[PDB]
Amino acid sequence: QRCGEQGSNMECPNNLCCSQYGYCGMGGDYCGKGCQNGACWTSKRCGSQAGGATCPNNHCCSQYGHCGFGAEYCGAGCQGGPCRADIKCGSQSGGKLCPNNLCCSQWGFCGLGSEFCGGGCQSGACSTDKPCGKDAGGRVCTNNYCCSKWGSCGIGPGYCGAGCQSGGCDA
């Protein structure tokens, strides 16, 4: 029920702005000064201009390193987000990972949905759920996902907790 730093980087639905207090709404109280994620009045910075920083709420990072939607942000020069041009990844691009957990299709493009995440999926949010760890000739998860006690890739206490064979383990 909280957003931003008070809600573990949780984002509000329908681009609602997270105020400086960790609450979701609309108006100057949420979108103005201290706005956390969502349609903030003062767009957040990203890409090149702000250390590789990704846009929250899947916003496109325009060529000037600002976050938003529309031609100016998703069009030409777009550096991150659901940019209007296909984004390349995988073996075909020196094993690049897609940003924001997106799937890298068998063809080397970033997306979400069956075509990217289903069979052939290279990295990211693949729905193929391939075996990792010792029961898997010690193969490791992509994206530094945790390889659970069970030989499954994921993120969460169950995956990164006790019995984590490799990846971004807590334990």
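Don't overthink the numbering: it's just position in the shown sequence, from 1.
Look at the C-alpha B-factors of 79-87 and of 92-100. On average they run higher in 92-100. Higher average CA B factor: 40-48, of the stretches 108-116 and 40-48. In this entry, the residue among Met10, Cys24, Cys160, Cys153 with the greatest C-alpha B factor is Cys160. The entry assigns its greatest Cα B factor, within the set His66, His59, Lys33, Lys130, to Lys130. For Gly124, the recorded CA B-factor ranks within the lowest third of the chain. Only modelled residues enter the ranking. The deposited CA B-factor of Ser148 belongs to the highest third of values across its chain. When the modelled residues of the chain are ordered by their C-alpha B factor, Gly138 lands in the highest third.
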